[PDB]
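Protein chains in written order, with the authors' numbering: chain AZ, 54 to 90; chain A1, 49 to 243; chain AC, 36 to 167; chain AY, 317 to 388; chain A4, 88 to 199, 237 to 285, 290 to 303, 311 to 380, 382 to 436, 442 to 468, 470 to 486, 490 to 585, 587 to 602, 604 to 620, 622 to 668; chain AD, 88 to 215; chain AG, 71 to 176, 198 to 395; chain AH, 52 to 184; chain AK, 28 to 128.
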Amino acid sequence: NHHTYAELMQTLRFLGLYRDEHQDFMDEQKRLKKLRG
Amino acid sequence: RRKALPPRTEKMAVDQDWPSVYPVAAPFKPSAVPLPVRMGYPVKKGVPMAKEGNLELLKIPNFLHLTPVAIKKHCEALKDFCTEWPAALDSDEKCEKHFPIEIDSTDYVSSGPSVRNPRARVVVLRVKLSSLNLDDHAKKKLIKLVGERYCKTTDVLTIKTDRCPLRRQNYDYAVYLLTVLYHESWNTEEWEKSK
Amino acid sequence: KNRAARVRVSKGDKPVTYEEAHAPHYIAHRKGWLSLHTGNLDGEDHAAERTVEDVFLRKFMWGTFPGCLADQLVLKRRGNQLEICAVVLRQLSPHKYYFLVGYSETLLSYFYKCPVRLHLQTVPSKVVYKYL
Amino acid sequence: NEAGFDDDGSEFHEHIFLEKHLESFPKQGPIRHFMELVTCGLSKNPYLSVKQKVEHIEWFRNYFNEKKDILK
Amino acid sequence: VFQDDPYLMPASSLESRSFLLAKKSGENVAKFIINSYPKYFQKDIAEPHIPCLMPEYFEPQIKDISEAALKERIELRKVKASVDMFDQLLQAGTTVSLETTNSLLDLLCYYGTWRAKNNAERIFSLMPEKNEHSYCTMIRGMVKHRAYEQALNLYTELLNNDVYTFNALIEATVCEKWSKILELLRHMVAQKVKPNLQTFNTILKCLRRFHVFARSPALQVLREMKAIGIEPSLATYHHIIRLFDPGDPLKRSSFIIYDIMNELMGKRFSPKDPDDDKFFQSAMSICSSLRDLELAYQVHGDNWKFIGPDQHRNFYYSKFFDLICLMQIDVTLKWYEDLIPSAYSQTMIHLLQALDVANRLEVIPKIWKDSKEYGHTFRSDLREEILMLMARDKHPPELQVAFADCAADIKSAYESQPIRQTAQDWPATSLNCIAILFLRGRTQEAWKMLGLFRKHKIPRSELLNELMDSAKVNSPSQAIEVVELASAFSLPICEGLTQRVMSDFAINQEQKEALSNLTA
Amino acid sequence: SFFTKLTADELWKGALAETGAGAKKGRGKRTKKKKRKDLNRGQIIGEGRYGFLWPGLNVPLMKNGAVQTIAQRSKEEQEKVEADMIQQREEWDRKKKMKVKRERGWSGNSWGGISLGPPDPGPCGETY
Amino acid sequence: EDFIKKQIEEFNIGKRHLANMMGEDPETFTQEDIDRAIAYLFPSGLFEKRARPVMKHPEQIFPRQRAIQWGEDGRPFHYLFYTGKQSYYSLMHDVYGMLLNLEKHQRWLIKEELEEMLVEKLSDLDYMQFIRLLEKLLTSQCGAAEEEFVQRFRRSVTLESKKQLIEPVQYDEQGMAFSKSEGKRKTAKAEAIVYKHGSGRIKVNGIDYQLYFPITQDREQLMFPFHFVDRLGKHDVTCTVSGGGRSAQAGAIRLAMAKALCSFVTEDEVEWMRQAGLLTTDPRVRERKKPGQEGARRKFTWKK
Amino acid sequence: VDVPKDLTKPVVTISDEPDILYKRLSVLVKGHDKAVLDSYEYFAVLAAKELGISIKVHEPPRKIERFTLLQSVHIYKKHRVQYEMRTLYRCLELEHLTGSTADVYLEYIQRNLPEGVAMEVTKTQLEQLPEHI
Amino acid sequence: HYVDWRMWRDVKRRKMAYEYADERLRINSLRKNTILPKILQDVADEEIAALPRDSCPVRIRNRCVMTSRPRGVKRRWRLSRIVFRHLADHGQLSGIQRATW
RNA sequence: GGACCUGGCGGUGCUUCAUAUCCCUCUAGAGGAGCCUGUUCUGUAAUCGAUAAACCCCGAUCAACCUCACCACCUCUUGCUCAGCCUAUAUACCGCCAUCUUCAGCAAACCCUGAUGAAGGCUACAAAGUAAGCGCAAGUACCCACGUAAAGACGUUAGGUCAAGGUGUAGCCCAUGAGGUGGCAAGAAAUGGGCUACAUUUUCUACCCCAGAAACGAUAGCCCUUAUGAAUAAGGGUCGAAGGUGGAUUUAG
Ligand SMILES: [Mg+2]
Ligand SMILES: [Mg+2]
Ligand SMILES: [Mg+2]
Ligand SMILES: [Mg+2]
Ligand SMILES: [Mg+2]
Ligand SMILES: [Mg+2]
Ligand SMILES: [Mg+2]
Ligand SMILES: [Mg+2]
Ligand SMILES: [Mg+2]
């Protein structure tokens with residue numbers, strides 16, 4: 054289940070051990086989008 | 049900042065217990081291995097890459113462990129544990145005389161966490177009717193009942209068992225089936241007498 | 036013109052490794068497979084599960100040892116035993132290295148209900164096959 | 317391939333011979349025909365055990381005893 | 088357990104300790120994540136179900152006084168037990184079972237300090253039904269967690285109304312007391328308890344220190360143990376060996393115990409006492425005082446588990462190698479070069498002095514290189530020792546190359562660390578021999595190194612000899629611009645220059661000779 | 088999903104669009120360029136939402152010669168850490184994008200009065 | 071340069087370690103033993119030897135490179151250094167000197204092998220002119236040193252047998268002399284035993300050819316070997332076959348009969364049969380079908 | 052110099068019942084690398100020799116499974132790319148082999164398997180007639 | 028966190044067909060049987076018709092796991108052709124080479 | 001505007017060639033009739049994309065219901081998603097391929113000539129070119145060393161694909177998102193690729209090859225049976241025509 058997989062990886066990123074590059078990318082672009090409107 | 053100590057190549061002597069330094073299956077570990085064995089397609093007037101960065105030796109399966117000396121040692125160790133085969137049983141005719149009923153099962157083994165696989169259940173067995181039936185009426189009855197389970201060229205009656213998932217279920221069901229089959233071939237019927 | 040697991044020829048400013056250099060049609064002729072299992076052979080099964088789980092393992096370990104690796108991994112599954120082999124750099128401290136080793140070992144073992152173990156080989160700088 | 321999962325010490329005859337579980341119908345009707353074919357298929361099936369087979373036949377009992385209206 | 092590559096290779100005891108502790112911390116982190124999110128690993132993908140791999144469940148169920156009481160002994164804590172006692176005494180006022188009350192008291196005594241005082245004063249409200257088990261467990265708790273007068277009062281109460293219960297009671301009574316000890320032993324042997332000798336072990340632990348008037352009676356008490364035929368002589372024997380501790385070694389008793397432990401080693405061992413870990417360490421501590429090599433070999442199937450803690454293993458190996466060094471030493475260095483990677490300053494000092502007394506000069510370089518490879522850096526005690534011992538020598542002419550090499554490596558290590566300020570006083574102490582060895587092929591290096599030394604001094608007689616030999620070993625100006633400067637610096641170089649200037653130095657130029665005359 | 092996620096360099100290539108249709112012919116684009124940025128090098132491995140104290144990588148393993156234990160970074164502590172990281176990222180971005188002042192020679196946007204500095208050293212060794 | 075000696079001594083130490091681990095004395099030891107040990111201790115599914123794991127001696131691993139051609143300071147050693155191709159031109163100079171000396175008195200070597208014998212590249216043109224100089228040298232009489240110089244470069248012709256194998260006769264009960272042979276085909280494989288003393292009938296899988304081959308061209312092919320040799324009714328044969336195609340089995344039986352008869356018949360007639368061309372396995376096989384093609388060779392209709 | 056004094060051996064008990072007699076143990080190794088299969092075969096045959104039992108060897112043929120995939124993504128039917136898995140068989144028969152010998156040998160070999168290989172046992176044991184017959 | 032809503036629907040259908048598998052099997056046997064009453068066949072057919080939607084094992088599709096591509100998927104590996112070619116070229120999985128025969 | 005460098009182009013000259021490619025040549029076919037399956041077009045409320053060479057049994061190694069992305073109707077608003085979108089942009093892209101390629105050149109780094117211009121660098125009985133590296137090649141796979149596969153770079157076609165998947169930009173974020181019922185998926189027509197036969201080398205019968213009869217053709221339609229499914233495919237009876245070997249042109253070897 055992608056449920057288990059993605060939930061595990063999200064919780065572990067919140068722990069701060071798995072440096073998810075794709076998640077970093079998405080977060081930075083979301084930040085820039087909400088900054089520029 | 050910190051520097052890694054040099055490998056065990058210069059440390060290891062020519063006289064060394066390789067079966068002891070590599071007891072079980074393990075990767076190449078070039079830092080511990082002293083051999084300069086290289087593997088990799090060289091460039092024009094080039095050479096294969098050194099063992100330190102040669103991860104292809106790790107890619108390939110590993111057999112540095114289990115040297116011939118190690119094999120000899122383990123066989124000499126387990127010689128006292130393994131047993132001996134009876135000298136009287138030294139031929140196929142003799143062994144099939146002593147124990148006519150042949151029976152054989154099988155199963156695979158594959159890499160992975162799970163181990164169950166339904167093919168574990170199937171089994172087969174064989175017996176020649178040349179010496180076991182001891183009669184003619186029951187023999188004709190049995191050969192009329194069985195359709196393809198026999199072979200008269202080699203003269204063996206073979207039967208398989210897979211109806212049950214458990215190996216011992218298959219085994220004892222085959223045994224009970226053979227027993228009831230013999231007991232029902234023993235007797236006869238009036239419509240069987242009329243042919 | 037085919038583009039499949041190959042490097043674009045540059046001026047000579049691209050360090051490439053053995054695997055990243057050689058072509059995929061050279062895989063059996065001049066390379067080995069990153070995984071070693073029997074699900075692909077005839078009669079076996081769970082090959083899809085093997086591939087999915089090993090891809091997930093590769094991703095998870097690449098991201099839990101980030102910035103230290105310099106090449107693909109070597110998986111070696113002997114029956115029940117699972118063996119991993121990695122090549123890394125001496126960026127961080129051996130404290131961190133062993134801590135993450137134990138962490139990943141425990142996670143993989145509890146996740147797959149399988150005996151897992153791994154080896155890591157240190158390199159000062161990533162080996163290069165050529166400069167393309 | 318069977319270290320554990322011994323099927324609760326079940327037996328080949330408990331799997332195959334369902335005449336002990338066939339009690340509440342004679343040996344001529346179409347219900348008998350259907351249930352005999354059911355027992356046949358179940359004995360041929362190794363994947364499921366005596367528990368599953370008795371659950372099958374019990375659900376069948378419930379079914380046709382709730383649809384006892386016809387008996388034709 | 089440690090990896091194979093050289094970078095991850097733990098090359099020192101403290102760092103290896105920290106490393107496997109980090110691994111254990113990762114194991115605990117794994118436990119935490121699994122018991123915090125069980126549902127993720129709930130899938131039993133593996134065909135064989137394994138509770139060792141299943142997630143762990145310390146979750147109290149719904150309010151149910153009976154099932155909650157049954158779950159008390161499953162949860163292994165004290166707040167649940169407080170709440171259950173509350174629910175059973177305040178509103179219910181009934182006991183689910185005397186066995187449940189006994190188990191609650193067991194847990195609360197094991198968990199125990238004002239908190240212990242409260243936990244012990246909240247057990248007297250328990251229903252009248254308090255049998256021996258309850259009383260003696262209360263005694264256990266009050267002994268192993270609180271003072272001893274309470275345990276004594278509880279024992280008197282029980283008398284008014290077990291092996292390790294009476295063991296704890298004897299511990300409480302003991303912890311000079313001749314009549315006490317005697318009457319205790321007498322009535323204990325009189326009762327039909329027939330202890331497992333753990334009472335004897337505990338009274339020995341309490342007798343850890345005493346004079347002969349209880350050290351020697353321990354021998355007859357042990358003979359009685361043997362007569363009854365119970366003890367394997369695993370812990371009490373070792374404790375009396377330790378009690379033997382000492383103004384004068386007792387060679388007779390030493391030989392006796394040697395034979396005893398010799399037959400103990402000859403026979404096979406089985407563990408019964410949790411205190412067999414101090415056995416190893418303190419045994420080797422006594423062995424170090426004894427100083428015997430056949431003894432060390434005797435002290436050397443699966444009996445290697447009793448070492449355990451890295452601290453005790455360290456003490457053992459240290460004393461072992463120390464005795465082996467201070468015992470030819472070819473077999474000793476063989477054993478050493480065999481166990482160095484497996485094994486982990491004082492040991493190296495003993496090694497250096499052993500090599501000195503042996504006169505095996507060629508071996509010290511490899512040992513220093515191994516120590517440096519492992520963890521020998523940022524400390525110059527052993528550097529000073531090796532330098533002094535190696536340049537007390539000059540007898541190998543060809544080995545002067547190795548002298549120069551190891552000296553260069555030592556200086557490369559010495560000059561690493563400015564920020565720490567520790568490298569400033571290292572040359573003042575050990576630069577003399579280093580520069581002598583550098584002089585003994588390459589000479590310009592030693593020349594400029596003595597320059598740096600004197601321009602940092605603490606002159607020395609062997610420093611004067613070094614200067615003299617260097618000057619005499622062709623170039624008047626090159627020798628003068630050093631010897632004359634050091635003479636103008638200090639007086640002994642000047643009294644040496646008085647003779648140096650005779651051969652060819654004073655004829656060159658008189659300004660430096662004039663400076664020498666002025667300083668003289 | 089996580090299986091759909093992948094490495095960083097692929098995403099950077101797809102976002103930058105360095106080649107394929109627009110870079111070739113010299114047509115390029117209207118002076119819009121996305122600047123490469125490295126995120127993995129920036130933050131320490133331990134940083135996350137739940138600020139558990141990690142003696143292995145985030146905290147020194149030993150303190151006062153005493154082994155450490157897992158602990159919690161509470162709300163205002165993790166908020167301070169997040170503010171520090173925001174300030175650090177803003178500082179890195181400021182240092183990243185700045186002016187470039189090549190001395191004005193004969194005219195702006197002209198390479199007339201520009202000097203490249205002395206020649207490079209020779210192979211055999213020749214300083215100019 | 072010191073890396074060479076480093077690798078050499080380290081390779082010797084590794085060879086001693088290899089002998090120790092495999093478990094024989096290091097006194098006697100060989101490179102075939104090296105390669106067997108490497109193949110056993112580290113197998114590899116790689117097809118190319120250059121890619122497979124190989125523990126080789128460094129002198130043969132590293133290609134020889136020219137050392138420093140000039141001293142630490144000043145002039146170079148060889149007297150053509152200020153031009154390239156110094157070795158080639160010095161050799162050509164010596165050759166021309168020998169030519170003019172012989173004048174006043176009065198197989199070949201491959202380009203790549205020559206370039207590797209030297210350490211200098213070259214061109215096909217200068218290679219050709221060097222071969223021409225050698226031919227000009229050999230047109231005239233030349234002495235022992237000159238012949239040795241020429242044979243230093245010349246290599247073995249390495250000629251092939253150009254001969255047909257003769258199978259050994261065999262003897263069975265009855266004192267029956269005979270000879271067995273085997274033939275193959277596209278998908279058919281057969282074995283035929285020829286009895287010389289017997290003659291007349293022929294059996295195929297236990298059935299005569301007259302009814303085993305309803306078609307007559309198969310029997311014509313079966314007769315073609317005997318007809319060419321002209322021994323028709325003086326030899327009998329039996330044969331077993333396993334194949335799919337009729338003509339396939341026919342050709343297989345023909346080849347087997349010929350490969351069995353070449354033993355009995357003299358070498359002259361064996362040569363005559365070889366010239367006839369019936370003693371070679373047919374290399375022609377149905378080509379593979381390609382994914383984009385409707386067949387092995389045909390393309391889809393060009394739609395434009 | 053560190054050589055143990057007394058090597059502790061495991062306990063062994065001879066049960067009163069008789070051991071089973073395996074008529075023939077036929078093992079089949081399916082692999083990808085002929086060299087790995089040859090190494091494994093040498094290993095097994097040397098082990099069987101040193102244990103003192105019979106053995107025969109033969110190399111069954113190579114089996115292959117291949118399949119075609121679309122080379123490109125959207126629209127290319129004629130341009131395909133092919134793939135194939137090659138499985139290589141190696142069979143080994145052991146004759147007249149006691150039950151305990153079978154257990155110890157199979158345990159050893161199964162622990163000393165390589166990775167990319169699958170192992171198939173066919174056990175053939177004889178037995179006399181039952182008592183009901 | 029499935030890849031998309033169609034994957035969500037597919038998994039829902041899979042679980043529904045599973046949890047109604049044996050029931051559908053029993054009633055389908057009772058329908059397709061021949062000697063039993065035709066009125067009983069019609070009863071069982073009406074029962075199947077009244078059964079809920081998304082319970083039949085034919086509405087499911089053997090879709091891909093990685094990219095959610097329904098077409099071009101192997102039943103053995105369950106992976107799309109594109110991702111399979113990718114992994115085989117990068118050498119991720121074991122024992123596949125190019126068919127240069 | 002005068003004169004030049006490079007490339008393209010020449011219904012531009014000379015020479016050497018064209019391997020199944022140009023032809024003359026050899027063979028079998030496509031445009032005749034029917035059927036299957038795509039494309040164009042008509043209408044429907046009813047996807048989408050490529051749609052010359054280099055698409056047209058193409059995405060698809062599958063669409064009765066999911067596959068469904070279309071449409072009508074009916075519902076959800078933090079909505080499995082620390083949301084989602086098959087919405088636009090292939091003229092932002094990655095990833096993956098067609099193309100010349102059934103080629104062999106591409107080229108960092110140096111030098112030289114041209115008055116130090118764009119640019120060029122070939123003469124072997126040799127006159128300024130030297131070349132990293134890539135590619136070709138070699139070796140590897142099948143049965144060989146040949147052959148077939150595989151490989152086949154730099155780059156053109158802003159070539160195809162935001163609909164394998166992700167992603168930059170711009171939008172919906174009570175929706176341009178999501179869920180469940182239903183149908184949509186026909187042909188007055190044109191075109192394409194394949195199958196069938198138009199014959200007697202044919203058709204039927206046992207065998208697959210020494211025989212005996214006739215003097216053919218339905219994989220379309222109607223009815224029925226069976227296969228799985230909860231709800232097209234194979235088989236049987238009847239119908240027994242068009243069809244008489246192709247209207248220019250053209251394909252493959
Ligand atoms: Mg301006
Ligand atoms: Mg292609
Ligand atoms: Mg549909
Ligand atoms: Mg939509
Ligand atoms: Mg485009
Ligand atoms: Mg080629
Ligand atoms: Mg091709
Ligand atoms: Mg376009
Ligand atoms: Mg149906």
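Ideal Cβ positions, reconstructed from N, Cα and C, are used throughout, including at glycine.
request  = With a cut-off of 8 Å on the beta carbons, I'd call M125 (chain AG) and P116 (chain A1) a contact; round off their distance for me.
outcome  = For the purposes of this step, residue 125 (chain AG) is identified with residue 55 of the seventh sequence, where counting begins at 1. For the purposes of this step, residue 116 (chain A1) is identified with residue 68 of the second sequence, where counting begins at 1. The pair is not a contact, with the Cβ atoms about 17 Å apart (cut-off 8 Å).
ask   = Quick one, are the C-beta atoms of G114 (chain AC) and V175 (chain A1) less than 9 Å apart?
value = Position 79 of the third sequence, counted from the start, is the residue given in the question as residue 114 (chain AC). Position 127 of the second sequence, counted from the start, is the residue given in the question as residue 175 (chain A1). It is not a contact, given that the beta carbons lie outside the stated cut-off.
query = Would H64 (chain AC) count as contacting chain AG if we go by Cβ distances under 9 Å?
reply = By 1-based counting over the third sequence, the position of residue 64 (chain AC) is 29. Judged by the 9 Å Cβ criterion, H64 (chain AC) is in contact with chain AG.
ask   = So is the beta-carbon of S194 (chain AD) under 8 Å away from any non-hydrogen atom of ligand 1?
value = Indexing the sixth sequence from 1 puts residue 194 (chain AD) at position 107. Checking the Cβ of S194 (chain AD) against ligand 1 gives yes.
request  = Within its chain, find whatever has a CB closer than 8 Å to the CB of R377 (chain AG); leave out the 5 residues flanking it on each side and keep chain order.
outcome  = For the purposes of this step, residue 377 (chain AG) is identified with residue 286 of the seventh sequence, where counting begins at 1. Counting only Cβ-Cβ distances below 8 Å, and skipping sequence neighbours, we find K277 and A387.
key: Residues that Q124 (chain AK) bridges to, as DSSP identifies them   = As a first step, residue 124 (chain AK) must be located in the ninth sequence, where it is residue number 97. In DSSP, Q124 (chain AK) forms a bridge with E135 (chain AH).
inquiry  = Am I right that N122 (chain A4) and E143 (chain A4) are in contact with their C-beta atoms under 8 Å? What's the rounded C-beta distance?
reply    = For the purposes of this step, residue 122 (chain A4) is identified with residue 35 of the fifth sequence, where counting begins at 1. For the purposes of this step, residue 143 (chain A4) is identified with residue 56 of the fifth sequence, where counting begins at 1. With a Cβ gap of about 5 Å, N122 (chain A4) and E143 (chain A4) count as contacting.
task = Find out if the Cβ-Cβ distance for the pair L611 (chain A4), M595 (chain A4) is shorter than 9 Å.
result = Along the fifth sequence, read from residue 1 onward, the residue named residue 611 (chain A4) stands at position 464. Along the fifth sequence, read from residue 1 onward, the residue named residue 595 (chain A4) stands at position 449. Not closer than 9 Å, so no.
request  = Using a Cβ cut-off of 7 Å, pull out every chain AZ residue sitting near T99 (chain AC), in sequence order please.
outcome  = Within the third sequence, the letter at position 64 stands for residue 99 (chain AC). Within 7 Å Cβ-Cβ: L70 and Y71.
message = Taking 9 Å as the threshold (C-beta atoms), are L228 (chain AG) and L172 (chain AG) in contact?
response = For the purposes of this step, residue 172 (chain AG) is identified with residue 102 of the seventh sequence, where counting begins at 1. For the purposes of this step, residue 228 (chain AG) is identified with residue 137 of the seventh sequence, where counting begins at 1. The answer is yes: Cβ separation under 9 Å.
request  = Mind checking who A158 (chain AD) pairs with in its DSSP beta bridge?
outcome  = Residue mapping note: residue 158 (chain AD) aligns to position 71 of the sixth sequence, counting from 1. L140 (chain AD), per the DSSP bridge assignment.
request  = Using a Cβ cut-off of 8 Å, pull out every chain AZ residue sitting near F134 (chain AC), in sequence order please.
outcome  = Looking up residue 134 (chain AC) in the third sequence gives position 99. Correct list: empty, because the minimum Cβ distance to chain AZ is about 10 Å.
query = Taking the Cβ atom as the reference point for each residue, do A325 (chain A4) and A300 (chain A4) lie within a distance shorter than 9 Å?
reply = Working through the fifth sequence from its first residue, we reach residue 325 (chain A4) at position 190. Working through the fifth sequence from its first residue, we reach residue 300 (chain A4) at position 172. Contact: no.
message = Cutting at 8 Å between CB atoms, please list the residues of its own chain near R102 (chain AK), excluding the five before and the five after it.
response = Translated into the one-based positions of the ninth sequence, residue 102 (chain AK) becomes position 75. Closer than 8 Å at Cβ, skipping near neighbours: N89.
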